[PDB]
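>>> experimental structure and its sequence below.
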Amino acid sequence: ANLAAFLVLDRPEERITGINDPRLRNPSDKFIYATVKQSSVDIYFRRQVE
Amino acid sequence: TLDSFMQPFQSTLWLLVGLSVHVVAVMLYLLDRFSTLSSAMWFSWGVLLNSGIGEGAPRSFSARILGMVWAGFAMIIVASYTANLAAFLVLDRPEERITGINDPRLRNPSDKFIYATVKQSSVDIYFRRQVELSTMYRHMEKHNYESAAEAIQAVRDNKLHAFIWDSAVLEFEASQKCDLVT
Amino acid sequence: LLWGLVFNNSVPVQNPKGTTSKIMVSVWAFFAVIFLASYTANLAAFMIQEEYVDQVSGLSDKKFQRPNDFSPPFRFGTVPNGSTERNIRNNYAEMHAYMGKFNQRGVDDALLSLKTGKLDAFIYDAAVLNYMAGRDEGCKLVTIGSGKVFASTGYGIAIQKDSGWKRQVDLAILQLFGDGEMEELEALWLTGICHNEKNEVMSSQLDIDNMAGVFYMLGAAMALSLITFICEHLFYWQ
Amino acid sequence: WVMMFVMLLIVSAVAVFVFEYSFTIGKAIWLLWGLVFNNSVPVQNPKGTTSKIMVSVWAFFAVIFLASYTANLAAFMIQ
Amino acid sequence: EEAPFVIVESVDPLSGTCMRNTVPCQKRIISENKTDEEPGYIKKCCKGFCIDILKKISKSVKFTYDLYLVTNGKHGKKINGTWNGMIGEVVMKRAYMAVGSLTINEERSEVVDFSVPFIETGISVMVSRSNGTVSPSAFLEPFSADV
Amino acid sequence: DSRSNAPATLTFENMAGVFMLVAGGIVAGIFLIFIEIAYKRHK
Amino acid sequence: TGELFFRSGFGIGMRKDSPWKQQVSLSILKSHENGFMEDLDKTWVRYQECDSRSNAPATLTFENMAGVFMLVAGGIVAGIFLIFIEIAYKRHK
Amino acid sequence: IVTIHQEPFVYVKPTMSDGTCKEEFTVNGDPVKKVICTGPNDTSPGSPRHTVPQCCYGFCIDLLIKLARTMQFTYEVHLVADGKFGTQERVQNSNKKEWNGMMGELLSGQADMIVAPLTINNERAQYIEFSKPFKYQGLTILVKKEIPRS
Ligand SMILES: *[C@@H]1O[C@H](CO)[C@@H](O[C@@H]2O[C@H](CO)[C@@H](O)[C@H](O)[C@H]2NC(C)=O)[C@H](O)[C@H]1NC(C)=O
Ligand SMILES: N[C@@H](CCC(=O)O)C(=O)O
């Protein structure tokens, strides 16, 4: 019975949930995310005030 | 938990394994003619039931390897029997348990789901006041009750599907009656 | 003797005499005990991660193109007078001809026919089918694959030809994507309940299709045993 | 557990009655206990023909007994 | 009318008009062909995803409108070189714009003008989830031939 | 009590599936006992 | 990880005064209907390689035998030593 | 035609010493159709500013070939100088506002068509024209993943 539990139970994972994840919404110097300069992806973020 | 015999195995599977033990026993009888028909009856079953009944070992070299594979067949089906059963005990229906006030069954109410509250209380003030809950307020207005003893009773039977009330009162009811949950 | 222990000591044997032989048997028993425990435990794990597979690969499946040379031939259809019928007609003439006797008259009627077994497959618009999948009573209805689209297109607004409102209208539409109102609108109206991420609820009864391998192995073992017996008898004759 | 031990006693008495028609009384319970916890204990089989069918049925019971116990015990650990 | 995008129901019996967060659509009724009557119309209430899109869009390109439900045809079909449904209504200049679940394709794009799409769609196949699993050789999955 | 997994401990309900079979087998053998003892002298 | 947001697709850019802009859109719509666009996905996109999933039930490989088969293999080399001791003890006592 | 380097849609490889494109086959043995491009080499025009011929192929390249055959036109292709998709910026303290990247290549008369994975949005739609979409997508996040236990 223990061997069976060990073979199917996995450690918890963070797995960022998307654009509303607390890490991205409240950023810190320990977590870094970026995109490509002068892209449509840049226009999207720079234009919504929230 | 269903019936122990029928839950992990169909009745046709028992027949197939029920007949194959005689086929093995008949196969050993062919080796006796070419080069004991009661002793070997037992041996084939005894291996399946892993019991020490009987002491009849195969004689022919080819008969020896036939029962050599037969021992492995019993191990496979028994191992799958225990394995399948455990999977059945762990896995449960995901079900639907009304994630919250944002559940689509509440935001877009059909006629197959009815929820209400108590008339003239502070829950009525909450829904009536703020304009993006108008659809929800209209649905509850024709189903609201007079007291909470009545709405709680109407959930025990299937006349009502959801009741919205204070958490302090509702958490007490869920810990004293076992059909109910929050 | 020493092959009997590995398979749960099923067969009867006769014990040896040497003390070192007894030690060898005792140390082999541990190996066999651990070996079998490991086998069952893994077997249970495989089953608790069983994943389902789609019966049909897509629109070009064998059952769709040549349904006749199959058992109780596959039943599928759509509601006519739409874009789906127009596309199948121009790309699959014989499939369109075969579909003529399974025509539906509504989405709810098609779902009811599918639930009761009167229909085996339904082909319709991708946007309305994904909505009905997540709103079903239970999660009995699914779309093949993880949600697959053929001949990708979209919903638009039809305007009078050569009008001046089109530039304003589509500029206003692109503006809603930039603000993000589309996500709010799809959360408010298009949210669902059921999840299609390979739930894999449970198997049952361990039907014959599962024991086919072990039965075939038993048959092959019997065949090789009888062949070897015949060969040994012939050799002993000479 | 007692609901199955009573059946151990019943089957032992039935087998002793069958043997009437070197099988003592204590050896009956000893052999019948052996099958419940896997065939690890040496025993001696009763030559009685119907007793053989009875002990085969008991072995079929014991196989299901042990397998369900392992599946459930495993289940607690997962949850 | 399409179930998730355009939902239509009748006006409040108490007041005889449409509820909040909805829009009025007028529908036409045709009696028996043996004898018919002067214009007969029924007022309904229309709400949904496309209705919300039409409401926001209308307030910023600044126009007013009136809604009505089609009677002949559902979406559009070319029979003997003639169109019916919403497409046919737009062709005959009876309507200016059509709003709903209309798919953009090459055949229709030669007779009307489409705007950029606001949702993606296509063709899908729906089947009932067969109970059980698949396991032809599951018993051989554990371990490997080497051991 | 709470929890969602709710691992149900097995109880006496499983007896009817199995415990009756061995009980039925006890009375199914005595019927063959009378035939078997007669068959010793019948041939 | 996560869900999709800002759903805009890929288009072909031309100037507002072009004699080609109307024909390009019709050709793209026609290509989606007849399956030419699905052919391009198979050739360049959906050929794929190493697969998905995270649970990963895994077949046990040879690594377990190292910690198991060594004892029985080590028992063999440790058995002949006890063989001499046992047989000599019969002669000695 | 102006194109940008994006592996799933556009591949850029150096030409052979002869001056042509190396032959290559798919999994089914049919030839891969390539085209001769011309653009800056090394990193950027920041220091080695000079164009050299190269070979291009991919999802977008063979869609342009299909369009040309049906629409009966002949084309020459090249890579964007600065390697940017295009945004609107301001230059040297002036009231004017001008586009860079691939958007500015088309508006300045250096190009006639853009055949690349260019995203349709409100801001670009006020200066140029977009066709119906040939690919429907969204935005996502790419992260790393670790190893399980043993
Ligand atoms: C598809 O369109 C056809 C018309 O081509 C419809 O057939 C007509 O249906 C009406 C309504 O019952 C009848 O009064 C006509 O006599 C029918 N005409 C013919 C030629 O059959 C058909 O009902 C439509 N089907 C759907 C699902 O909309
Ligand atoms: N939305 C489709 C109707 C559904 C279908 O026919 O597939 C149309 O616009 O015609």
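Cool, got the structure. Residues are numbered from 1 along each chain as shown, chains lettered A, B, ... in the order given. Ligands and ions are numbered 1, 2, ... in the order given.
>>> going by C-alpha atoms from here, please, whenever you check contacts or count neighbours.
Noted.
>>> wait, does the host helix or strand of residue F:20 contact chain C?
Residue F:20 belongs to helix F:15-42 when assigned by DSSP states H and E. No - using Cα under 8 Å from any Cα of the partner chain, helix F:15-42 never reaches chain C; the gap is at least 15.8 Å.
>>> need the contact list for the single nearest residue of chain F relative to chain H.
Nearest residue of chain F to chain H (Cα to the nearest Cα) works out as residue F:5 at 25.5 Å. By Cα atoms under 8 Å, 6 or more residues apart in numbering or on different chains, residue F:5 lies in contact with residue D:79.
>>> distance check, it against ligand 1.
Distance of residue F:5 to ligand 1, computed by Cα to the nearest ligand atom, to the nearest Å: 47 Å.
>>> could you do residue C:87 as well?
16 Å.
>>> ditto for residue E:40
21 Å.
>>> could I get the phi/psi values of that residue?
Dihedral pair for residue E:40: phi -110, psi 120, per degrees, to the nearest 10.
>>> nearest spatial neighbour of the spatially most central residue of chain C, skipping sequence neighbours?
Central residue of chain C (Cα atoms, centre = their mean): residue C:53, 2.1 Å from the mean position. Spatially, and ignoring its direct neighbours in sequence, residue C:53 is nearest to residue E:134 (7.4 Å; Cα to Cα, 6 or more residues apart in numbering or on different chains).
>>> can you show me the strands along chain C?
C:76-77, C:121-125, C:141-143, C:150-155, C:158-159 (DSSP state E).
>>> which ones are touching residue E:142?
C:39, C:42, C:43, C:46, G:58, G:59, G:60.
>>> where does chain F get nearest to chain G, which residue?
Counting by Cα to the nearest Cα, chain F gets nearest chain G through residue F:5, at 19.9 Å.
>>> buried residues, the longest helix along chain D. List them.
The longest helix of chain D (DSSP state H) is helix D:49-78. Residues D:50-64, D:67-68, D:71-72, D:74-76, D:78 are the ones in helix D:49-78 that count as buried (16 or more other Cα atoms under 10 Å in any protein chain shown).
>>> tilt between it and helix F:15-42?
Computed with axes from the mean of the first three to the mean of the last three Cα atoms, to 10 degrees, the direction of helix D:49-78 lies at 160 degrees from that of helix F:15-42.
>>> right, is helix D:49-78 up against chain A?
Yes - Helix D:49-78 is in contact with chain A by Cα under 8 Å from any Cα, via D:70, D:71, D:73, D:74, D:75, D:77, D:78.
>>> helices or strands up against that helix?
Counting by 3 or more Cα pairs under 8 Å, 6 or more residues apart in numbering or on different chains; DSSP states H and E, the packing neighbours recorded for helix D:49-78 are helix A:2-8, helix B:61-90, helix D:2-20, helix D:26-36, helix F:15-42.
>>> same list (the ones you listed) but as JSON lines, adding mean neighbour count and distance to residue C:13.
Shown next, in JSON lines, are the helices and strands packed on helix D:49-78 (neighbours: other Cα atoms under 10 Å in any protein chain shown; distance: least, Cα to Cα, whole Å):
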{"stretch": "helix A:2-8", "mean neighbour count": "17", "distance to residue C:13": "31"}
{"stretch": "helix B:61-90", "mean neighbour count": "20", "distance to residue C:13": "12"}
{"stretch": "helix D:2-20", "mean neighbour count": "15", "distance to residue C:13": "26"}
{"stretch": "helix D:26-36", "mean neighbour count": "17", "distance to residue C:13": "18"}
{"stretch": "helix F:15-42", "mean neighbour count": "13", "distance to residue C:13": "29"}
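>>> Serialize those helices to JSON lines and add fields for distance to chain H.
Shown next, in JSON lines, are the helices and strands packed on helix D:49-78 (distance: least, Cα to the nearest Cα, whole Å):
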{"stretch": "helix A:2-8", "distance to chain H": "10"}
{"stretch": "helix B:61-90", "distance to chain H": "22"}
{"stretch": "helix D:2-20", "distance to chain H": "42"}
{"stretch": "helix D:26-36", "distance to chain H": "35"}
{"stretch": "helix F:15-42", "distance to chain H": "40"}
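>>> nearest to chain E, out of those helices?
Among these, if distance is taken as Cα to the nearest Cα, the winner is helix B:61-90, at 7.5 Å.
>>> so is that closest one next to chain D?
Yes - with Cα under 8 Å from any Cα as the criterion, chain D is reached by helix B:61-90 at B:81, B:82, B:83, B:85, B:86, B:89, B:90.
>>> quick check: the gap between the nearest residue to the second one once chain neighbours are set aside and residue D:61.
On the basis of Cα to Cα, 6+ apart, the spatially nearest residue to residue B:82 that is not a chain neighbour turns out to be residue D:67, at 5.3 Å. Residue D:67 is 10 Å from residue D:61, where distance means Cα to Cα, to the nearest Å.
>>> for chain D, what's the nearest residue on chain H?
Relative to chain D, the nearest point of chain H is residue H:149 (17.6 Å; Cα to the nearest Cα).
>>> now swap in chain E and tell me
Closest point on chain E to chain D, by Cα to the nearest Cα, is residue E:139, at 17.3 Å.
>>> ditto for chain A
Residue nearest to chain D within chain A (Cα to the nearest Cα): residue A:1, separated by 4.4 Å.
>>> how about the contacts made by that residue?
Applying Cα under 8 Å, 6+ apart, the residues near residue A:1 are C:41, D:70, D:71, D:73, D:74, D:75, D:77.
>>> I figured the fifth one hits residue A:7, correct?
Going back to what we said before, that points to residue D:74. No - using Cα atoms under 8 Å, residue D:74 is not in contact with residue A:7; the gap is 11.8 Å.
>>> in stretch D:38-46, what counts as buried?
Buried residues in stretch D:38-46 (16+ other Cα under 10 Å): D:38, D:39, D:43, D:45, D:46.
>>> number of residues surrounding residue C:213?
For residue C:213, the neighbour count with other Cα atoms under 10 Å in any protein chain shown is 16.
>>> before we move on, back to that, closest one to residue E:97 out of the buried residues of stretch D:38-46, please.
Each of the buried residues of stretch D:38-46 was scored against residue E:97 by Cα to Cα, and residue D:38 proved nearest at 80.2 Å.
>>> can you name the residue of chain H nearest to chain C?
For chain H and chain C, the shortest gap (Cα to the nearest Cα) falls at residue H:122, measuring 5.0 Å.
>>> that residue belongs to a strand?
No - counting by DSSP: H, G, I helix; E, B strand; the rest coil, residue H:122 is not found in a strand; it is coil.
>>> and whichever residue of chain A sits closest to chain G, backbone torsions?
Using Cα to the nearest Cα, the closest approach of chain A to chain G is made by residue A:18 at 4.2 Å. In terms of degrees, to the nearest 10, the main-chain angles of residue A:18 are phi 140, psi -150.
>>> and for residue E:82?
Main-chain torsions, residue E:82, degrees, to the nearest 10: phi -130, psi 150.
>>> beta partners for it?
When assigned by DSSP bridges, residue E:82 has beta-bridge partners residue E:79.
>>> please enumerate the helices of chain H.
Under DSSP H, chain H gives helices at H:59-71, H:101-107.
>>> so which of those helices is nearest chain F?
Nearest to chain F, of the helices of chain H and by Cα to the nearest Cα, is helix H:59-71 at 49.5 Å.
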